[PDB]
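Only one structure is covered here, and it is reproduced in the block below.
Nothing in this text is a laboratory measurement; each read-out follows from the coordinates by a stated rule. Every residue, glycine as well, gets a Cβ built from its backbone with ideal geometry; the counts of neighbours run over all protein chains shown.
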Amino acid sequence: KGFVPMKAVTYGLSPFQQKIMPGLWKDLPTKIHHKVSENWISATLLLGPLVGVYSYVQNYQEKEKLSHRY
Amino acid sequence: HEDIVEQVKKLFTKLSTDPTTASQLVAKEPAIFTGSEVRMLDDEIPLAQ
């Protein structure tokens with residue numbers, strides 16, 4: 001647990017000299033599109049098996065119930 | 001004082017007579033204090049300042 005010699009240069013500005021809130025809602029649709037396009041595969045892989053198993057169980061149960069009738 | 005003033009009055013000519021003082025050139029372009037930092041990290045120097 002130690003540190004390293006670095007050699008960098010940085011500039012900063014005071015907190016009380018810059019607008020804070022307007023950054024949240026600036027350009028939402030492009031951010032939403034980027035997130036969706038990047039994580040569509042993760043969403044698919046998370047939500048696939050649940051839907052498949054649920055549909056299969058529903059179909060099996062209704063078929064069995066309707067086949068037990070008179 | 002009199003000797004210097006008479007020599008000056010006799011010698012100092014040909015100076016441009018622009019009717020401009022420092023008051024106008026400072027009244028516009030004022031000096032505003034912002035507040036910020038500059039950090040120069042080297043780390044091969046023995047002392048910090």
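Annotations for the structure displayed:
- Taking Cα centre as origin and charging only the Cβ of basic (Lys, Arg, +1) and acidic (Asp, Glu, -1) residues, the dipole magnitude of chain B rounds to 440 debye.
- Look at A:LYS35, B:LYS14 and count the other Cβ atoms within 10 Å of each Cβ; fewest to most, that gives B:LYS14, A:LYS35.
- Cβ-based charge dipole, chain A, positive-most Cα from A:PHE3, A:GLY52, A:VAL36: A:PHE3
- Least to most buried among B:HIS1, A:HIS34 (fewest other Cβ within 10 Å first): B:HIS1, A:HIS34
- Integer Hz, Karplus 6.51/-1.76/1.60 couplings in order for the range A:13-23, x for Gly and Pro: 9, 5, x, 8, 10, 7, 6, 9, 5, x, x
- Under 18 Å from B:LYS10, Cα to Cα: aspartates and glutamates that are on another chain or at least 8 residues apart: B:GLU2
- Relative to the longest principal axis of the Cα atoms of chain B, the long axis of helix B:2-11 lies at roughly 90 degrees.
- Put in order of Cβ neighbour count within 10 Å, fewest first, the listed residues B:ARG39, A:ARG69 become A:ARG69, B:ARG39.
- Taking Cα atoms only, the orientation of helix A:28-67 departs from the longest principal axis of chain A by about 20 degrees.
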